[PDB]
């Protein structure tokens, strides 16, 4: 699409933690509509977000965010009493800031990047059970002028599953040749993984796109990741390669053999996918 605007808006959302079928737990923006991964939160540097949070579960839960600014009262840990008791409510406050020159001449890094939020108190005091059960979601913070995508897809390697899905059950994502597609890639649990995409590649830097001819970042199609790592990128679907059912998978061999695979289904403008028969 276009470009991200300058931030500075004070935003507000309601968030709920809720049980889902099969022992799962999820975040949602409306009661009864929790999802795994949780809802995508998008902010422009400078924006503030007040998360009006409610725990609808029978066990305590919390909300811990990576990368963004928050005071200790929004750490989301039992250790500083910022979790939410069953049936309880709490306002978590997330802030973001633009980069800038400090008075002493140093450069303050901004909040922009591919981040995520997750539980920190279900099962253990590091949220091992909550994360296992699905209490995680993506956060994107944009810098003014960042290129905006046609669509964004979140892929979470959570131990031996993608997005808590059963082995060999996706997710699949659909695009048309030429679409600007953004991927947010988060890892959770116990294991390291390597994320691989067939037919596409990106830059190993903040936006996943080279800034121009002077950017020396490695261009990659395979990336090692460990628990609580996050990164993201944009690709032009099918660019230089055409339509097709382009696989993505963890490249740890036993993981790909045991279901950590999905498809990036890139259609021609006429809606067909060459060589794909499901």
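Numbering follows the first chain given and starts at 1.
The mean Cα B-factor in the deposited entry runs higher for 22-30 than for the other of 230-238 and 22-30. Across the two stretches, 3-11 and 269-277, the PDB entry reports the greater mean Cα temperature factor for 269-277. Residue-level inspection of the entry shows that, of 89, 187, 111, 154, 89 has the top Cα B-factor.
Take 85, 119, 204, 182 and read off each C-alpha B-factor from the entry; 85 has the highest. Residue 56: CA B factor in the highest third of modelled residues in this chain (values from the PDB entry). When all modelled residues of the chain are sorted by CA temperature factor, residue 43 is found within the middle third. Ranked within its chain, residue 76 lands in the middle third, by CA B factor from the PDB record. When all modelled residues of the chain are sorted by CA temperature factor, residue 211 is found within the highest third. When the modelled residues of the chain are ordered by their C-alpha B factor, residue 124 lands in the middle third.
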